[PDB]
2 protein chains.
Amino acid sequence: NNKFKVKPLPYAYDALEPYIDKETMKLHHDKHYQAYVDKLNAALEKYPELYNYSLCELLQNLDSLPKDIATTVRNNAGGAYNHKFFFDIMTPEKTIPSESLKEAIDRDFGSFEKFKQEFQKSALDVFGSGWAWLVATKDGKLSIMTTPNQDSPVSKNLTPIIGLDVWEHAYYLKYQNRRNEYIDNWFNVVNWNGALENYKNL
Amino acid sequence: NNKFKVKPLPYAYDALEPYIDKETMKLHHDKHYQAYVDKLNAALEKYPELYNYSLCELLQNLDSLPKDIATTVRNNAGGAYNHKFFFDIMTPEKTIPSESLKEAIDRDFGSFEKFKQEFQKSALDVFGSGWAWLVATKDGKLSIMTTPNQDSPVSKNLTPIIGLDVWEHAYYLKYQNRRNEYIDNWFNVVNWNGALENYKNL
Ligand SMILES: [Fe+3]
Ligand SMILES: [Fe+3]
């Protein structure tokens with residue numbers, strides 16, 4: 001069996017309280033993330049060799065996949081990848097920026113605080129469903145960008161370092177329309193050690 | 001003062017229970033709808049003569065508005081129009097299809113039940129944020145279409161007859177990920193008399 005799988009949450013469903021509620025963690029992981037994986041798997045039944053691609057490879061080749069599944073793959077491989085990534089980029093442990101990522105953030109944004117303000121503004125300005133990302137080019141240059149729906153920076157050959165889901169399902173139970181508060185609180189659970197790994201894997 | 005305004009909810013905030021919760025009605029009308037109107041008004045300060053356009057006229061002329069506000073108008077005039085329309089198309093009163101709309105639905109979809117099934121499927125399949133619509137061409141031909149975000153059929157010269165908001169803020173508090181249940185329940189509050197008026201105004 002080489003079907004795609006849901007990665008078990010890397011911590012307890014309530015580990016991120018009080019910043020993100022346990023009910024949302026359960027829905028977000030067990031329902032939304034699960035649905036993306038199931039839908040992806042269903043679509044690939046027609047082309048079982050695609051089960052041997054990684055999610056990255058699917059996302060890097062959307063324009064060359066068979067026309068009849070390309071959009072479904074974009075959306076569902078997108079959702080699967082983005083959510084695996086998102087749950088991995090948060091943690092109940094306390095972390096801070098360090099090593100090359102810490103330096104790069106200062107280099108590219110002037111300071112951690114300037115980076116944080118830009119990120120929060122971008123997250124806040126996403127219209128409709130989508131994501132805010134800290135991304136790196138192949139040479140380690142950092143920038144902030146957003147994607148709609150489940151589109152991913154990976155498809156534009158950019159490497160996600162951190163990313164924030166701003167689909168309303170990610171925050172409505174606790175914050176309702178107050179996305180600004182959700183964004184501000186989320187920085188308490190960003191896994192900067194994971195982010196460093198992401199940046200190093202360039 | 002010819003600034004755009006929020007239309008007061010046409011019924012009590014709990015009038016649509018148990019199909020839509022009062023808390024959602026309050027957020028949806030008092031926060032989300034309100035924000036679209038405020039943002040629209042803010043953007044038009046630069047071009048005060050646009051306050052004399054109707055929402056329809058703004059939406060029918062997005063490609064010819066000044067470049068610097070066109071997208072903001074699309075999104076916010078869109079949200080303002082769509083929400084005014086949406087709250088008007090629901091009611092606590094019991095209503096059924098009648099007159100020309102009743103006939104047209106049978107003509108164009110075969111039966112009310114076939115129309116309802118197609119509408120629910122379209123509503124269910126919207127990916128990300130958006131709307132499902134029953135629309136009419138200028139000659140009264142009916143069809144079902146969806147729009148993303150706050151895009152409107154009005155911009156494609158189609159006349160909305162009914163429409164369902166499937167942004168997650170419209171249903172998450174009560175239904176969470178279970179959009180199917182939200183869609184099914186919503187048919188209990190569709191204002192078919194309003195829909196008939198919409199159809200007659202062709
Ligand atoms: Fe999500
Ligand atoms: Fe809405």
Side-chain angles (χ1 to χ4, degrees), chain A residues 6-7 9 16 20-21 24-37 39 75-76 78-90 123 126-133 146-152 163-177 179 182 186, chain B residues 6-7 9 16 20-21 24-37 39 75-76 78-90 123 126-133 146-152 163-177 179 182 186:
Chain A
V6 164
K7 172 168 182 180
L9 198 64
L16 269 25
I20 306 179
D21 52 291
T24 289
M25 296 302 183
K26 289 247 172 199
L27 288 166
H28 202 182
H29 179 282
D30 300 351
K31 304 298 184 182
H32 295 280
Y33 175 21
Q34 184 75 52
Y36 292 126
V37 172
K39 287 173 183 307
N75 291 164
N76 297 106
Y81 181 90
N82 289 344
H83 286 78
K84 181 197 291 182
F85 181 97
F86 184 61
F87 299 130
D88 280 353
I89 207 59
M90 297 188 291
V126 171
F127 188 78
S129 305
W131 293 79
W133 306 98
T146 63
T147 57
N149 305 321
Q150 299 300 163
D151 292 351
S152 168
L164 175 62
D165 189 349
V166 294
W167 283 57
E168 287 169 326
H169 66 234
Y171 64 86
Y172 217 73
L173 294 187
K174 179 174 181 80
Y175 300 94
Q176 298 80 53
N177 63 295
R179 195 197 291 175
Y182 164 65
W186 174 79
Chain B
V6 164
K7 172 168 182 180
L9 198 64
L16 269 25
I20 306 179
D21 52 291
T24 289
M25 296 302 183
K26 289 247 172 199
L27 288 166
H28 202 182
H29 179 282
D30 300 351
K31 304 298 184 182
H32 295 280
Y33 175 21
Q34 184 75 52
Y36 292 126
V37 172
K39 287 173 183 307
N75 291 164
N76 297 106
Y81 181 90
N82 289 344
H83 286 78
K84 181 197 291 182
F85 181 97
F86 184 61
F87 299 130
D88 280 353
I89 207 59
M90 297 188 291
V126 171
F127 188 78
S129 305
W131 293 79
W133 306 98
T146 63
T147 57
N149 305 321
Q150 299 300 163
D151 292 351
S152 168
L164 175 62
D165 189 349
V166 294
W167 283 57
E168 287 169 326
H169 66 234
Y171 64 86
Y172 217 73
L173 294 187
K174 179 174 181 80
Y175 300 94
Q176 298 80 53
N177 63 295
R179 195 197 291 175
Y182 164 65
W186 174 79

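When reading the values below, keep in mind they use all heavy atoms of this one structure, side chains included, and skip hydrogens, waters and symmetry mates. Labels below follow one simple rule: chain letters A, B, ... track the order of the sequence lines, proteins then strands, and each chain is numbered from 1. For ligands, and for the atoms within them, numbers begin at 1 and follow the listed sequence.
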(request) Please list, chain by chain and in numerical order, all residues satisfying salt bridge (charged side-chain N to carboxylate O under 4.0 Å, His left out) with A:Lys26, sequence neighbours excluded. (result)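 Partners of A:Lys26 by the salt bridge (charged side-chain N to carboxylate O under 4.0 Å, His left out) criterion come out as none, since no residue qualifies.
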
(request) Mind checking the NZ-CZ spacing from B:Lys7 to B:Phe87? Nearest 0.5 Å is all I need. (result)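 One gets 11.5 Å once the value is rounded to the nearest 0.5 Å.
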
(message) Once ring pair (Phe, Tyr, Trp, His ring centres under 6.0 Å) is applied, do any residues pair with B:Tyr171, and if so which ones, sequence neighbours excluded?
(response)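 Applying ring pair (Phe, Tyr, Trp, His ring centres under 6.0 Å) to B:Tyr171 gives B:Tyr182.
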
(message) On a heavy-atom basis, which atom in A:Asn75 and which in A:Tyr36 lie closest, and how many Å separate them?
(response)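 Smallest heavy-atom distance, with atoms named: O-CD2, 4.0 Å.
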
(message) Applying side-chain contact (heavy atoms from CB on, under 4.5 Å), can you list everything that pairs with B:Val37, at least two apart in sequence or on another chain?
(response)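 Only B:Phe4, B:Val6, B:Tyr33, B:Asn41, B:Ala80 meet the side-chain contact (heavy atoms from CB on, under 4.5 Å) criterion with B:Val37.
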
(request) Measuring from the Fe ion (ligand 2), count protein N/O/S atoms under 2.8 Å, please. (result)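 With waters ignored, the protein N/O/S count below 2.8 Å is 4.
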
(request) Give the ring-plane orientation class for B:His28 versus B:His32, where under 30° counts as parallel, over 60° as perpendicular and anything between as tilted. (result)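 Rings of B:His28 and B:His32: perpendicular, over 60°.
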
